[PDB]
Amino acid sequence: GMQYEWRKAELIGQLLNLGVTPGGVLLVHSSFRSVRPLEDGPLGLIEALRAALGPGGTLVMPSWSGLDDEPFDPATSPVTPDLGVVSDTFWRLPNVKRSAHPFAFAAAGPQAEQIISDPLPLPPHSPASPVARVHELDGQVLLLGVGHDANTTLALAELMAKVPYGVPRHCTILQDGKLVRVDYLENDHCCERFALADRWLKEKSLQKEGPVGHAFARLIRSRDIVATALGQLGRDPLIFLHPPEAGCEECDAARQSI
Ligand SMILES: CN[C@@H]1[C@@H](O[C@H]2O[C@H](CO)[C@@H](N)[C@H](O)[C@H]2O)O[C@H]2C[C@@H](N)[C@@H](O[C@H]3[C@H](O)[C@@H](O)[C@H](N)C[C@@H]3N)O[C@@H]2[C@@H]1O
Ligand SMILES: [Zn+2]
């Protein structure tokens with residue numbers, strides 16, 4: 001309609017009033033469809049995110065390609081479309097370091113290469129993943145117009161709880177001039193039941209909520225996400241799986257994989 005185009009200074013306040021603190025590590029997942037309109041477009045969001053964190057802060061965003069038969073290059077490989085414009089734009093700006101593997105992240109800040117310097121992580125969200133370095137650095141996770149279905153650290157908690165299901169997934173890189181398929185076993189599914197973490201985090205007062213632009217925003221500490229999901233996965237490791245009653249083809253495949 002005739003909606004308010006948020007300026008940079010107000011976005012900073014919105015970020016500060018949400019819990020974003022300067023000097024920290026902030027991993028954000030965004031759906032710009034819910035943020036818009038902004039006065040400066042998707043760049044205006046990125047500019048505010050780094051303006052609130054300050055120079056001593058480090059902004060981290062997903063930056064993987066999502067393609068399994070195409071090799072990855074941090075200089076050209078576009079972000080998968082499901083990650084949004086903000087993700088696809090952030091890694092192209094000056095001084096934004098990027099991982100050199102298909103499941104790459106993008107980071108900018110004094111701790112950037114502390115986060116993205118690992119080689120190909122198998123599984124994609126293992127320890128020694130960018131998402132695990134955010135955990136190790138006590139970073140924050142900012143859900144930006146997206147639910148916990150996009151919360152990547154939730155998958156890190158799965159492997160940290162030694163979850164039984166492992167489904168065969170693959171990617172490809174360039175080894176000495178030629179392709180090669182790299183087969184691994186990932187712990188993915190529909191990820192719909194990741195929304196269960198909303199009640200888990202909220203009941204423990206671990207999740208900050210509020211507006212960032214027009215989007216609904218969820219801010220949770222990375223270590224608080226892992227810890228919360230650990231205790232819940234320690235109660236039932238299959239709690240993120242759809243029951244066979246629901247007839248979810250994705251989860252039923254993970255279930256059959258012990
Ligand atoms: C094509 N690569 C992948 C595909 O694997 C494929 O495997 C077979 C061959 O390889 C194909 N025949 C089959 O069509 C397809 O299933 O499975 C899906 C599973 C879905 N949860 C999501 O994963 C998530 C990732 O697992 C997660 O690491 C990341 N955060 C983002 C994605 N949402 O996107 C991937 C991606 O689309
Ligand atoms: Zn499912």
# chains A, B, ... in the order shown; residues from 1 in each chain; ligands from 1

call {"tool": "residues_near_ligand", "arguments": {"ligand": "ligand 1", "cutoff": "10 Å", "atoms": "only C-alpha atoms and all ligand atoms", "output": "PyMOL selection string"}}
result
chain A and resi 62-69+80+82-83+103+123-125+149-156+167-171+181+183-184+186-192+250-251

call {"tool": "write_last_selection", "arguments": {"atoms": "N, CA, C and O atoms", "output": "compact mmCIF listing (two decimals), in the first residue's frame"}}
result
# COMPACT_ATOMS: atom_id res chain seq x y z
N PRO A 62 24.09 -16.81 5.91
CA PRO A 62 24.26 -17.97 5.03
C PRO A 62 24.58 -17.53 3.61
O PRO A 62 24.22 -16.44 3.18
N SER A 63 25.28 -18.40 2.89
CA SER A 63 25.79 -18.01 1.58
C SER A 63 26.04 -19.22 0.70
O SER A 63 26.90 -19.18 -0.19
N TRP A 64 25.30 -20.30 0.92
CA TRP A 64 25.54 -21.51 0.15
C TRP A 64 24.79 -21.46 -1.18
O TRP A 64 23.86 -20.67 -1.38
N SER A 65 25.21 -22.33 -2.10
CA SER A 65 24.68 -22.36 -3.46
C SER A 65 23.46 -23.25 -3.60
O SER A 65 22.63 -23.00 -4.49
N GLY A 66 23.34 -24.28 -2.77
CA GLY A 66 22.23 -25.20 -2.87
C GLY A 66 22.31 -26.17 -4.03
O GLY A 66 21.41 -27.01 -4.17
N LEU A 67 23.34 -26.08 -4.86
CA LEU A 67 23.50 -26.98 -5.99
C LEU A 67 24.46 -28.11 -5.65
O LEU A 67 25.49 -27.89 -5.01
N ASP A 68 24.11 -29.32 -6.08
CA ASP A 68 24.82 -30.52 -5.69
C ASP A 68 25.69 -31.11 -6.79
O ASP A 68 26.54 -31.95 -6.49
N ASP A 69 25.48 -30.67 -8.03
CA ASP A 69 26.28 -31.12 -9.18
C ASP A 69 27.15 -30.02 -9.80
O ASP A 69 27.76 -30.24 -10.86
N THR A 80 21.79 -19.62 -3.13
CA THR A 80 20.55 -20.28 -3.50
C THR A 80 19.38 -19.32 -3.31
O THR A 80 19.39 -18.50 -2.38
N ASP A 82 16.47 -19.55 -2.15
CA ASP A 82 15.69 -19.65 -0.92
C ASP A 82 16.29 -18.83 0.22
O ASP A 82 15.63 -18.69 1.26
N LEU A 83 17.49 -18.29 0.06
CA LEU A 83 18.11 -17.51 1.12
C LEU A 83 17.86 -16.02 0.99
O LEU A 83 18.13 -15.28 1.94
N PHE A 103 28.69 -25.30 0.96
CA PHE A 103 27.82 -24.88 2.06
C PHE A 103 28.35 -23.63 2.74
O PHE A 103 28.35 -23.52 3.97
N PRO A 123 29.14 -33.38 7.93
CA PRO A 123 27.99 -32.79 7.23
C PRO A 123 28.07 -31.26 7.14
O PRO A 123 28.89 -30.67 7.83
N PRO A 124 27.23 -30.65 6.29
CA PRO A 124 27.34 -29.20 6.07
C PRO A 124 27.30 -28.36 7.33
O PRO A 124 27.91 -27.28 7.37
N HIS A 125 26.60 -28.81 8.37
CA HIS A 125 26.49 -28.03 9.60
C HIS A 125 27.07 -28.81 10.77
O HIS A 125 26.44 -28.93 11.83
N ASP A 149 12.29 -22.74 11.03
CA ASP A 149 12.59 -23.62 9.90
C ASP A 149 13.85 -23.18 9.15
O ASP A 149 14.48 -24.01 8.49
N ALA A 150 14.22 -21.91 9.24
CA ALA A 150 15.46 -21.42 8.66
C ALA A 150 16.59 -21.32 9.68
O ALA A 150 17.69 -20.89 9.33
N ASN A 151 16.34 -21.70 10.93
CA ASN A 151 17.36 -21.62 11.98
C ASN A 151 18.40 -22.71 11.75
O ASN A 151 18.18 -23.88 12.08
N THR A 152 19.54 -22.33 11.19
CA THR A 152 20.54 -23.32 10.81
C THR A 152 21.22 -23.92 12.04
O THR A 152 21.55 -25.11 12.05
N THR A 153 21.44 -23.12 13.08
CA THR A 153 22.04 -23.64 14.30
C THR A 153 21.21 -24.78 14.90
O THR A 153 21.76 -25.60 15.64
N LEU A 154 19.91 -24.85 14.61
CA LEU A 154 19.11 -25.96 15.09
C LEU A 154 19.60 -27.29 14.52
O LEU A 154 19.53 -28.32 15.19
N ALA A 155 20.08 -27.28 13.27
CA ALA A 155 20.65 -28.49 12.70
C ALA A 155 21.99 -28.83 13.33
O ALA A 155 22.36 -30.00 13.41
N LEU A 156 22.73 -27.81 13.77
CA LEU A 156 23.98 -28.06 14.48
C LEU A 156 23.72 -28.77 15.80
O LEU A 156 24.49 -29.64 16.22
N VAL A 167 20.60 -39.28 6.14
CA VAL A 167 20.12 -39.52 4.78
C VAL A 167 21.24 -39.21 3.79
O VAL A 167 21.97 -38.22 3.97
N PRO A 168 21.42 -40.03 2.75
CA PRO A 168 22.52 -39.79 1.80
C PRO A 168 22.28 -38.55 0.95
O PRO A 168 21.29 -38.45 0.22
N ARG A 169 23.19 -37.59 1.07
CA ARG A 169 23.20 -36.38 0.26
C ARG A 169 24.60 -36.19 -0.30
O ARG A 169 25.57 -36.73 0.23
N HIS A 170 24.71 -35.42 -1.37
CA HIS A 170 26.00 -35.26 -2.03
C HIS A 170 26.18 -33.84 -2.55
O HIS A 170 25.23 -33.08 -2.70
N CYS A 171 27.44 -33.51 -2.81
CA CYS A 171 27.83 -32.27 -3.48
C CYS A 171 29.00 -32.61 -4.41
O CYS A 171 29.35 -33.78 -4.59
N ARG A 181 32.25 -36.37 -7.21
CA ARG A 181 31.09 -36.34 -6.34
C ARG A 181 31.51 -36.76 -4.93
O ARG A 181 32.21 -37.76 -4.76
N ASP A 183 30.02 -37.95 -1.51
CA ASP A 183 28.82 -38.48 -0.86
C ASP A 183 28.97 -38.43 0.65
O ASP A 183 30.02 -38.81 1.19
N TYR A 184 27.92 -37.97 1.33
CA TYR A 184 27.90 -37.88 2.78
C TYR A 184 26.49 -38.24 3.25
O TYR A 184 25.60 -38.52 2.45
N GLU A 186 23.53 -36.62 5.55
CA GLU A 186 23.05 -35.41 6.20
C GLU A 186 21.83 -35.71 7.06
O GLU A 186 21.14 -36.72 6.88
N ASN A 187 21.57 -34.82 8.01
CA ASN A 187 20.41 -34.91 8.89
C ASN A 187 19.37 -33.85 8.52
O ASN A 187 19.03 -32.97 9.31
N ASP A 188 18.86 -33.93 7.30
CA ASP A 188 17.86 -32.97 6.87
C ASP A 188 16.50 -33.64 6.71
O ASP A 188 16.38 -34.86 6.59
N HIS A 189 15.47 -32.80 6.73
CA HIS A 189 14.09 -33.22 6.58
C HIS A 189 13.29 -31.98 6.16
O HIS A 189 13.87 -31.00 5.68
N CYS A 190 11.97 -32.03 6.36
CA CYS A 190 11.13 -30.89 6.01
C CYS A 190 11.45 -29.66 6.85
O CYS A 190 11.16 -28.53 6.42
N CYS A 191 12.05 -29.84 8.03
CA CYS A 191 12.42 -28.77 8.96
C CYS A 191 11.21 -27.99 9.46
O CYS A 191 11.39 -26.97 10.14
N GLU A 192 10.00 -28.44 9.15
CA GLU A 192 8.81 -27.73 9.61
C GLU A 192 8.72 -27.74 11.13
O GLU A 192 8.43 -26.71 11.75
N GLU A 250 9.53 -36.35 3.29
CA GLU A 250 10.89 -36.01 3.69
C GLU A 250 11.24 -36.64 5.02
O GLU A 250 12.31 -37.24 5.18
N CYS A 251 10.35 -36.53 6.01
CA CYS A 251 10.64 -37.05 7.33
C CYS A 251 10.59 -38.57 7.34
O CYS A 251 11.39 -39.22 8.03

call {"tool": "residues_around", "arguments": {"residues": "range 227-239 of chain A", "least_positions_apart": "2", "cutoff": "9 Å", "atoms": "only C-alpha atoms", "output": "PyMOL selection string"}}
result
chain A and resi 154+157-158+160-165+193+196-197+200-201+204+222-225+241-243+255

call {"tool": "write_last_selection", "arguments": {"atoms": "N, CA and C atoms", "output": "PDB file, in the first residue's frame"}}
result
ATOM      1  N   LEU A 154      19.914 -24.847  14.609  1.00  0.00           N
ATOM      2  CA  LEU A 154      19.112 -25.964  15.094  1.00  0.00           C
ATOM      3  C   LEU A 154      19.596 -27.287  14.518  1.00  0.00           C
ATOM      4  N   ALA A 157      22.611 -28.423  16.463  1.00  0.00           N
ATOM      5  CA  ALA A 157      22.226 -29.111  17.685  1.00  0.00           C
ATOM      6  C   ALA A 157      21.883 -30.570  17.421  1.00  0.00           C
ATOM      7  N   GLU A 158      21.315 -30.873  16.251  1.00  0.00           N
ATOM      8  CA  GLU A 158      20.966 -32.254  15.938  1.00  0.00           C
ATOM      9  C   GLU A 158      22.200 -33.148  15.955  1.00  0.00           C
ATOM     10  N   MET A 160      25.068 -32.460  17.252  1.00  0.00           N
ATOM     11  CA  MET A 160      25.660 -32.423  18.582  1.00  0.00           C
ATOM     12  C   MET A 160      24.971 -33.384  19.542  1.00  0.00           C
ATOM     13  N   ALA A 161      23.728 -33.772  19.256  1.00  0.00           N
ATOM     14  CA  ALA A 161      23.002 -34.749  20.055  1.00  0.00           C
ATOM     15  C   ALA A 161      23.081 -36.154  19.471  1.00  0.00           C
ATOM     16  N   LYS A 162      23.939 -36.365  18.471  1.00  0.00           N
ATOM     17  CA  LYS A 162      24.157 -37.670  17.844  1.00  0.00           C
ATOM     18  C   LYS A 162      22.829 -38.301  17.430  1.00  0.00           C
ATOM     19  N   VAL A 163      22.117 -37.568  16.589  1.00  0.00           N
ATOM     20  CA  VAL A 163      20.764 -37.957  16.178  1.00  0.00           C
ATOM     21  C   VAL A 163      20.845 -39.177  15.267  1.00  0.00           C
ATOM     22  N   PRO A 164      19.914 -40.135  15.363  1.00  0.00           N
ATOM     23  CA  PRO A 164      20.089 -41.392  14.617  1.00  0.00           C
ATOM     24  C   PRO A 164      19.932 -41.267  13.110  1.00  0.00           C
ATOM     25  N   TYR A 165      19.142 -40.321  12.601  1.00  0.00           N
ATOM     26  CA  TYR A 165      18.825 -40.340  11.176  1.00  0.00           C
ATOM     27  C   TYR A 165      19.933 -39.691  10.353  1.00  0.00           C
ATOM     28  N   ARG A 193       8.989 -28.887  11.753  1.00  0.00           N
ATOM     29  CA  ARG A 193       8.894 -29.005  13.202  1.00  0.00           C
ATOM     30  C   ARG A 193      10.010 -28.276  13.935  1.00  0.00           C
ATOM     31  N   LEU A 196       8.883 -25.823  16.668  1.00  0.00           N
ATOM     32  CA  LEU A 196       8.692 -26.204  18.063  1.00  0.00           C
ATOM     33  C   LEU A 196       9.629 -25.442  18.991  1.00  0.00           C
ATOM     34  N   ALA A 197      10.808 -25.054  18.498  1.00  0.00           N
ATOM     35  CA  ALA A 197      11.756 -24.298  19.309  1.00  0.00           C
ATOM     36  C   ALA A 197      11.203 -22.950  19.747  1.00  0.00           C
ATOM     37  N   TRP A 200       9.764 -23.485  23.041  1.00  0.00           N
ATOM     38  CA  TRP A 200      10.853 -23.871  23.934  1.00  0.00           C
ATOM     39  C   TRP A 200      11.640 -22.652  24.392  1.00  0.00           C
ATOM     40  N   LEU A 201      12.047 -21.807  23.443  1.00  0.00           N
ATOM     41  CA  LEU A 201      12.859 -20.648  23.787  1.00  0.00           C
ATOM     42  C   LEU A 201      12.038 -19.598  24.516  1.00  0.00           C
ATOM     43  N   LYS A 204      11.402 -20.223  28.309  1.00  0.00           N
ATOM     44  CA  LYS A 204      12.576 -19.954  29.128  1.00  0.00           C
ATOM     45  C   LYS A 204      13.038 -18.504  29.037  1.00  0.00           C
ATOM     46  N   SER A 222      23.125 -17.985  20.147  1.00  0.00           N
ATOM     47  CA  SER A 222      23.428 -19.268  19.516  1.00  0.00           C
ATOM     48  C   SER A 222      23.589 -20.375  20.553  1.00  0.00           C
ATOM     49  N   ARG A 223      24.302 -20.091  21.647  1.00  0.00           N
ATOM     50  CA  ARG A 223      24.494 -21.093  22.688  1.00  0.00           C
ATOM     51  C   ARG A 223      23.185 -21.437  23.385  1.00  0.00           C
ATOM     52  N   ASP A 224      22.246 -20.490  23.440  1.00  0.00           N
ATOM     53  CA  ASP A 224      20.947 -20.781  24.031  1.00  0.00           C
ATOM     54  C   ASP A 224      20.095 -21.643  23.109  1.00  0.00           C
ATOM     55  N   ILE A 225      20.277 -21.522  21.793  1.00  0.00           N
ATOM     56  CA  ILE A 225      19.526 -22.368  20.871  1.00  0.00           C
ATOM     57  C   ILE A 225      20.001 -23.811  20.973  1.00  0.00           C
ATOM     58  N   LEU A 241      11.138 -34.856  13.637  1.00  0.00           N
ATOM     59  CA  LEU A 241      10.595 -35.662  12.556  1.00  0.00           C
ATOM     60  C   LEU A 241       9.077 -35.667  12.609  1.00  0.00           C
ATOM     61  N   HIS A 242       8.463 -35.547  11.444  1.00  0.00           N
ATOM     62  CA  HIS A 242       7.028 -35.720  11.355  1.00  0.00           C
ATOM     63  C   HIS A 242       6.672 -37.174  11.656  1.00  0.00           C
ATOM     64  N   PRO A 243       5.599 -37.420  12.395  1.00  0.00           N
ATOM     65  CA  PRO A 243       5.158 -38.795  12.613  1.00  0.00           C
ATOM     66  C   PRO A 243       4.687 -39.412  11.310  1.00  0.00           C
ATOM     67  N   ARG A 255      13.273 -41.166   8.870  1.00  0.00           N
ATOM     68  CA  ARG A 255      12.919 -42.184   9.853  1.00  0.00           C
ATOM     69  C   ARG A 255      13.431 -43.559   9.434  1.00  0.00           C
TER      70      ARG A 255
END

call {"tool": "atom_distance", "arguments": {"atom1": "CA of residue 247 in chain A", "atom2": "CA of residue 148 in chain A"}}
result
21.2 Å

call {"tool": "select_by_dssp", "arguments": {"residues": "range 9-254 of chain A", "states": "strand (DSSP E or B)", "output": "MDAnalysis selection string"}}
result
chainID A and resid 25:30 38 58:62 97:98 105:108 140:144 167:175 178:186 207:212 215:221

call {"tool": "write_last_selection", "arguments": {"atoms": "C-alpha atoms", "output": "CSV table (one decimal), in the first residue's frame"}}
result
chain,number,residue,atom,x,y,z
A,25,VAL,CA,28.8,-11.9,16.3
A,26,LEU,CA,25.3,-11.8,14.7
A,27,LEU,CA,24.2,-14.5,12.3
A,28,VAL,CA,21.1,-13.4,10.4
A,29,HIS,CA,18.6,-15.2,8.3
A,30,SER,CA,16.3,-12.8,6.4
A,38,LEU,CA,13.2,0.1,3.2
A,58,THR,CA,31.0,-9.3,12.8
A,59,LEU,CA,27.9,-9.9,10.6
A,60,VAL,CA,27.4,-13.5,9.4
A,61,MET,CA,24.8,-14.7,6.9
A,62,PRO,CA,24.3,-18.0,5.0
A,97,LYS,CA,34.9,-12.8,3.5
A,98,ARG,CA,33.2,-16.0,2.2
A,105,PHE,CA,28.7,-18.7,4.8
A,106,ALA,CA,29.6,-15.0,4.4
A,107,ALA,CA,31.1,-12.9,7.2
A,108,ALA,CA,32.3,-9.3,7.6
A,140,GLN,CA,23.6,-14.1,18.4
A,141,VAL,CA,21.1,-15.5,15.8
A,142,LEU,CA,18.7,-13.0,14.2
A,143,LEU,CA,15.6,-14.5,12.5
A,144,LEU,CA,14.4,-11.8,10.2
A,167,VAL,CA,20.1,-39.5,4.8
A,168,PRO,CA,22.5,-39.8,1.8
A,169,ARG,CA,23.2,-36.4,0.3
A,170,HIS,CA,26.0,-35.3,-2.0
A,171,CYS,CA,27.8,-32.3,-3.5
A,172,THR,CA,30.8,-31.8,-5.9
A,173,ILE,CA,34.0,-29.9,-5.9
A,174,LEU,CA,37.0,-29.6,-8.2
A,175,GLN,CA,39.9,-31.9,-7.2
A,178,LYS,CA,38.3,-32.5,-12.5
A,179,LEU,CA,34.9,-32.9,-10.8
A,180,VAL,CA,34.3,-35.5,-8.2
A,181,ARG,CA,31.1,-36.3,-6.3
A,182,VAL,CA,31.4,-36.2,-2.5
A,183,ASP,CA,28.8,-38.5,-0.9
A,184,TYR,CA,27.9,-37.9,2.8
A,185,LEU,CA,25.0,-38.5,5.1
A,186,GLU,CA,23.1,-35.4,6.2
A,207,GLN,CA,14.0,-15.3,22.6
A,208,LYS,CA,13.7,-11.6,22.0
A,209,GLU,CA,11.0,-10.5,19.7
A,210,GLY,CA,10.2,-7.2,17.9
A,211,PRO,CA,10.1,-5.4,14.5
A,212,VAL,CA,13.0,-4.8,12.2
A,215,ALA,CA,9.4,-8.0,9.4
A,216,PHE,CA,8.8,-9.9,12.5
A,217,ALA,CA,12.2,-10.5,14.1
A,218,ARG,CA,13.4,-13.2,16.5
A,219,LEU,CA,16.8,-12.8,18.3
A,220,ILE,CA,18.3,-15.7,20.2
A,221,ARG,CA,21.8,-16.4,21.5

call {"tool": "closest_residue", "arguments": {"among": "A:84, A:244, A:56, A:74", "to": "ligand 2", "atoms": "only C-alpha atoms and all ligand atoms"}}
result
A:244

call {"tool": "closest_residue", "arguments": {"among": "A:18, A:86, A:12, A:132", "to": "residue 54 in chain A", "atoms": "only C-alpha atoms"}}
result
A:12

call {"tool": "residues_around", "arguments": {"residues": "residue 89 in chain A", "least_positions_apart": "3", "cutoff": "9 Å", "atoms": "only C-alpha atoms", "output": "number ranges by chain"}}
result
A: 42-43, 46, 79, 84-86, 92-93

call {"tool": "closest_residue", "arguments": {"among": "A:248, A:9, A:102, A:128", "to": "ligand 2", "atoms": "only C-alpha atoms and all ligand atoms"}}
result
A:248

call {"tool": "residues_around", "arguments": {"residues": "residue 22 in chain A", "least_positions_apart": "6", "cutoff": "10 Å", "atoms": "only C-alpha atoms", "output": "ChimeraX atom specification"}}
result
/A:16,50-58

call {"tool": "write_last_selection", "arguments": {"atoms": "N, CA and C atoms", "output": "compact mmCIF listing (two decimals), in the first residue's frame"}}
result
# COMPACT_ATOMS: atom_id res chain seq x y z
N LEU A 16 18.71 -2.28 17.92
CA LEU A 16 19.14 -2.12 19.30
C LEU A 16 18.01 -2.43 20.27
N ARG A 50 25.28 -3.70 10.07
CA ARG A 50 26.66 -3.41 10.41
C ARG A 50 26.82 -2.11 11.18
N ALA A 51 25.87 -1.18 11.04
CA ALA A 51 25.94 0.05 11.82
C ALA A 51 25.59 -0.19 13.28
N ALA A 52 24.66 -1.11 13.55
CA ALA A 52 24.32 -1.43 14.93
C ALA A 52 25.42 -2.25 15.60
N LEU A 53 25.99 -3.22 14.87
CA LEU A 53 27.07 -4.02 15.43
C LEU A 53 28.32 -3.18 15.70
N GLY A 54 28.49 -2.09 14.97
CA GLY A 54 29.67 -1.27 15.08
C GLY A 54 30.84 -1.86 14.31
N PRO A 55 31.97 -1.14 14.30
CA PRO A 55 33.16 -1.68 13.61
C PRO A 55 33.69 -2.96 14.22
N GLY A 56 33.63 -3.09 15.55
CA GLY A 56 34.09 -4.28 16.23
C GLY A 56 33.18 -5.49 16.11
N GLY A 57 32.00 -5.34 15.51
CA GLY A 57 31.11 -6.45 15.31
C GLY A 57 31.40 -7.22 14.03
N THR A 58 30.81 -8.40 13.93
CA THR A 58 30.99 -9.29 12.78
C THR A 58 29.62 -9.80 12.36

call {"tool": "closest_residue", "arguments": {"among": "A:206, A:49, A:96, A:195", "to": "ligand 2", "atoms": "only C-alpha atoms and all ligand atoms"}}
result
A:195

call {"tool": "select_by_dssp", "arguments": {"residues": "range 38-233 of chain A", "states": "helix (DSSP H, G or I)", "output": "ChimeraX atom specification"}}
result
/A:41-53,81-83,85-90,113-116,130-136,148-150,152-160,192-203,222-233

call {"tool": "atom_distance", "arguments": {"atom1": "CA of residue 113 in chain A", "atom2": "CA of residue 72 in chain A"}}
result
18.1 Å

call {"tool": "atom_distance", "arguments": {"atom1": "CA of residue 36 in chain A", "atom2": "CA of residue 5 in chain A"}}
result
7.4 Å

call {"tool": "closest_residue", "arguments": {"among": "A:252, A:257, A:32, A:104", "to": "ligand 2", "atoms": "only C-alpha atoms and all ligand atoms"}}
result
A:252
